[PDB]
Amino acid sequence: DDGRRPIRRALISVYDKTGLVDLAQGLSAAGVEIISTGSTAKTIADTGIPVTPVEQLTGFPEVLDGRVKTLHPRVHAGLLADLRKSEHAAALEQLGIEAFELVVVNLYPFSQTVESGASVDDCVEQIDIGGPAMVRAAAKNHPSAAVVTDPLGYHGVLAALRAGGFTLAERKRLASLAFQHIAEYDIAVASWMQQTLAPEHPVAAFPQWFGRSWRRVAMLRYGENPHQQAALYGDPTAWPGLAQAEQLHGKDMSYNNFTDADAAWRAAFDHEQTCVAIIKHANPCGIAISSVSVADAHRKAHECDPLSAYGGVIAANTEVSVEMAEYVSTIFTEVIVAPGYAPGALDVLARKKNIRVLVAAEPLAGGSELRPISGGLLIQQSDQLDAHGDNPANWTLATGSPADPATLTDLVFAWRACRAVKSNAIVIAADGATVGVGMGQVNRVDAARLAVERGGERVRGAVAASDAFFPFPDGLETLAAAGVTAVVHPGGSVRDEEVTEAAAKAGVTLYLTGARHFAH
């Protein structure tokens, strides 16, 4: 047996009356008795459909401006009696109470009331008490009761009605969806109460309690490596990002595709000029800006390390042109992400069957960054390159002639690009493009040597940025000996003088920012 229980009596109390009339018409036609609260009963009764008011059942009126209407045992006994138990079924009979097979409830629009910029009191008034009590009761008692919390499931109710009720398995599923809905509502209420109702004094950057939930977008083929299973989740209350990106072409997105596309997208939007960033398994192949075109930024970004760009992930901070798309079609690329594509650009990209072509919403300023650790979570403000020392007008010229406008643009480019590179990081750049990148080293002099080696013949006359201060002169000397003309670093070492003297001996322009951009 499927555990089907024919629907005879339904309890309906909905804030949102979308699809209610069609649902009620279907239920009344099947001979289902509808029990409803005030305005739900009005909406149904105005159609000519008979309604049993909740007060008729309880003998107690709706009081305190709709605060205590259904918090009565003559409602909850019909919801909570476990009809698998002879004792519970007899108790309903002793009380003259009948069971509810269907419970249709949707909550006060608390999160919408909050988003509309409503007052503290109107938000508090939109906290539903009876609604969640009815949903939780019916969900707990799923072996007997079917609970529907979304008008999206109303046609499924009418189908179950035609089939002689919901199955036990269908009632288990409804109960799980219902408690998901309740946890989401509670998360919104508890978060708002902490932030607005009772904030700390003095106000702290991060609250004492933090809660979030996500909905699965897709199961992935695997995680970072084939032996690990993985899934993608979307935060429905968040501003759209990579998790909500629209896929226009290509095969399924892998786990590594999402982390690379996320890293590439953030690196491209770290620059105000037209920017293309190329990432391969979390590491930058090349990054470039352009005052000509997006195609020019892509060519220059690709030219940094063309070998590593094959199989890479491309992000553009502006619309991808047909010209860029033509060149991208000749290079093995796993993913391309952009805020848009020019007419005809997608067709050129769609020539290669596998490339994942994504459209993502431009990121927002600020925002928190979640970093799990064993047993907990670290939360910090996203490094948005907006520190006092990130503004070049606040930089200190420690030695050398001031940077000309083209040198300063390259220095600022290399400085901002250094954030995306894992520490210890050295970015050598020229004409708005990275030419040599020293990445992820425990030792800064190893990062400097890597940037010089990978930069090759393009290092002489270029500029360099260091994401943290040079602890010793050797890292800077490595750059100066290779022909780097201008270097920007945070400074802040007791040995800064020794590093500045080494730049002075080489005739290198040296800027001290007073801001650092460690990234792991």
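Position 1 is the first residue in the sequence shown; the rest follow in order.
Mean CA temperature factor from the deposited coordinates, higher in 247-255 or in 73-81?
Going by the record's values, the stretch with the higher mean is 247-255.
Identify the stretch, either 52-60 or 463-471, whose C-alpha atoms have the larger mean B-factor according to the entry.
Stretch with the higher mean C-alpha B-factor: 52-60.
Considering only 237, 274, 441, 391, which residue's Cα atom bears the greatest B-factor as recorded?
By C-alpha B-factor in the record, 237 ranks first.
What's the residue among 226, 366, 376, 286 with the greatest CA temperature factor in the PDB record?
Of 226, 366, 376, 286, 366 has the highest C-alpha B-factor.
Using the B-factors in the PDB entry, rank residue 12's C-alpha atom against the chain and give the third, lowest, middle or highest.
Lowest third - that is where residue 12 ends up once the chain's C-alpha B-factors are sorted.
Going by the recorded CA B-factors, say which third of the chain residue 125 sits in, lowest, middle or highest.
Highest third.
Using the B-factors in the PDB entry, rank residue 196's C-alpha atom against the chain and give the third, lowest, middle or highest.
For residue 196, the deposited C-alpha B-factor lands in the highest third.
Using only modelled residues of the chain, where does the Cα B factor of residue 279 rank: lowest third, middle third or highest third?
Lowest third, going by the recorded CA B-factors of the chain.
Compared with the other modelled residues in the chain, in which third is the CA B-factor of residue 179?
Within its chain, residue 179 is a lowest-third residue by C-alpha B-factor, going by the deposited values.
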